[PDB]
Structure formats: structure tokens, C-alpha cells
Amino acid sequence: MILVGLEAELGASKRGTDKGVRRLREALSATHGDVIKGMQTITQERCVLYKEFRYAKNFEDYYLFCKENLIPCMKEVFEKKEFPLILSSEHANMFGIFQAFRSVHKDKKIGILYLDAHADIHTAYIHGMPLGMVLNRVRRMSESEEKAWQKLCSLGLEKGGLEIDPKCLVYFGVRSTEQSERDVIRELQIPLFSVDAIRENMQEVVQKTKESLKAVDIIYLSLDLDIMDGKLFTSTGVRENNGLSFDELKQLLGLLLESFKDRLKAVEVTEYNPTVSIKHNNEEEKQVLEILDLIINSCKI
Ligand SMILES: [Mn+2]
Ligand SMILES: [Mn+2]
């Protein structure tokens, strides 16, 4: 297995999520990352630098960085046969990472399992819009600006890739969105399983997920820890109430990993920010580490 750890090229020590990533990397290294009973699960720990997207503030810089640094590095990772566990730090990085994923699997239909309290389709003022860029639904805007966005949303695809089928993006636990995001979801008919549907019948949720993904060749799982209830888990930047319990997430994760074991080619876990926790113990870190053990132990086979 390959462990990818994202870190901001600039000002990483000021970022609570980057600190989360370094904590998890060191923790992993000791365990999964070391020889346990004659076996080393994580054979490589790779650090990947990223640049924060500040929209108008640094559009060009971000564009160039992604095209020249982030995407090329992630493609190198996705080109290896070994299963990759990606610590993204911040969900916004999912864009560059996923474009690299699409680039490597250019002739494959890709499905997305997105566990998050947010839809991440449109920037709200809080959370980015990686999916809005993956889906090409970024939207006042000049023709030059739309040209710039088309340029960006297209990175890493101009030797081609398929466009993502909005119906193959499956949302889990989404509960905090903008009407503009809800309009895209309704219009594109993107399957969305709420906290209640998951809690009421996880089995049906998974079965309906299979139906939506029956035609895809490979799957990408992106997990945002804020899918867990904001009161129960506080080590995340944007906490949302009415979320899943720690055990519910573990149950949903186990089923999804087992149900899609064959086509799952990558797992991304993001938004772990220990600096904003309101608790004074090891509880939350232990929970994240347990989430990681569960993912690693299921996918290493
Ligand atoms: Mn997110
Ligand atoms: Mn989120």
C-alpha cells in the first residue's frame, strides 16, 4: 500500500489540517508503516506538496502549480499497482488529485463515493468546490473568465478522459448546502443518501449505490470526517449537526469497502484538524486512526 500525505508548499505550519496529516503519517508509520508479524502493509510514505486555490487571488498560480506539480506527482502514484491511501489534508485538494486519477484511467468510467456533510459543488462563504470543478458546474463571469475556468476544470484531461457521469457520483450524509448546489443536484439527478436514510437502512443505501454504480469500471472513495455529527466529532474545520455517529460511519465504511472491494482503486480521507477540537483528550485522534485501520485492513488484501 502507498500512503500519500499532502502538505502545503507554503505556510503548512499555519494550517490545522496539515498538522492533522503529519500526526496521522507519524502514527501510521509506527504501525501499518512498519513490519508487523513479518509484513509491511505501507511500503511507501510519499509527501506531496500543494498550493491553496484562492480563486481570483491566485488563479493562474494555482493553475500552473496543479498542471506542473500536483497532478504530475499524483499521476505517478496512481500509475503504480499498489493501493493508495491519500491524506488530502483539505477537501479542496480532491480536485487536483482526482484529475490525476482520471488522467491515469482515461478510458475508464469512474464512480465516486463521496462521504461528506457538504456537496462541495459551489464555494460557500467555509468549503471549496472540488466537485463543482470536476462536474464543470463552476457557476457574473467574463468570456475570458469562463475560458480560464474551462482551462482549469480541464487539467489533466487534454489527451482526454471521459466526462464524469453525474449519476455515478454518490453523496453520503450531505446536509449543509447552498440552494445553488441543491439546484445542480436536482438538475443532474445526483444520488444523495442522507444521514437518516443511512441510519434507517444502511443495507438499502448500499444496494441502491450498487445500482447507480453498476456500469462504472473503477471507483474512487473520498471521505470527509465532517460527515460525523458536529457535536460528536470536533476535530474538523466545518462541523455540521445531525451527522453520523462514529459507529455508523464505521459500519457504512465497512460495507462500502466490502461491496466495492474489486473496483475501488483509491481512498481519500480528509479534513482532520486537531487544532480546532474542543475536547482535551485522545478520543478523536483515536477515532480517526481507527477509521484508517479499518480502511487499511480491508484494502490491503
Ligand atoms: Mn468536503
Ligand atoms: Mn465537508
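Residues numbered from 1 in each chain as written, not as in the entry; some residues may be left out. Chains lettered and ligands numbered in written order. Heavy atoms only, no water.

For this deposited structure, the header cites X-ray crystallography as the method used and 2.2 Å as the resolution.

(A) Structural context of the packing of aromatic side chains. Applying the stated criterion across every chain yields a total of eleven aromatic pairs. Where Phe53 meets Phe59, the ring centres are 5.8 Å apart and the plane angle is 70°; that geometry is what we call edge-to-face. Since its relative accessible area comes to 11%, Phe53 is described here as buried. A ring pair is formed by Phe53 and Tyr62, whose centres lie 4.2 Å apart and whose planes are at 25°; its orientation type is stacked. Taking relative accessible area as the criterion, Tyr62 reaches 4% and is therefore assigned buried. Taken together, the ring pairs in this structure connect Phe53, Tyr55, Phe59, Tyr62 and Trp149 into an aromatic cluster. Looking at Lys151, its charged tip hangs above the ring of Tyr63, at a distance of 4.9 Å from the centre. (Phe/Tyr/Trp six-rings, centres within 6.5 Å; stacked < 30°, edge-to-face > 60°. Buried < 20%, exposed > 50% of the residue type's maximum accessible area, 1.4 Å probe, protein only. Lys NZ or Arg CZ within 6 Å of the ring centre and 35° of its normal.)

(B) Region of interest: the sheet that holds strand β1 (residues 2–8). Reading across from one edge, β2-β1-β3-β8-β7-β4-β5-β6 is the order of the eight strands in this open sheet, with parallel pairing throughout. Each edge of the sheet is formed by a strand with only one pairing partner; in this case those strands are β2 (44–50) and β6 (192–193). Here strand β3 (residues 84–87) pairs with strand β8 (residues 264–270) via three bridges, running parallel. Pairing of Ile86 across the sheet is with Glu268, part of β8. (Pairing = 2+ DSSP bridges. Helix = DSSP H or I, 4+ residues; strand = E, 2+ residues; numbered from the N terminus.)

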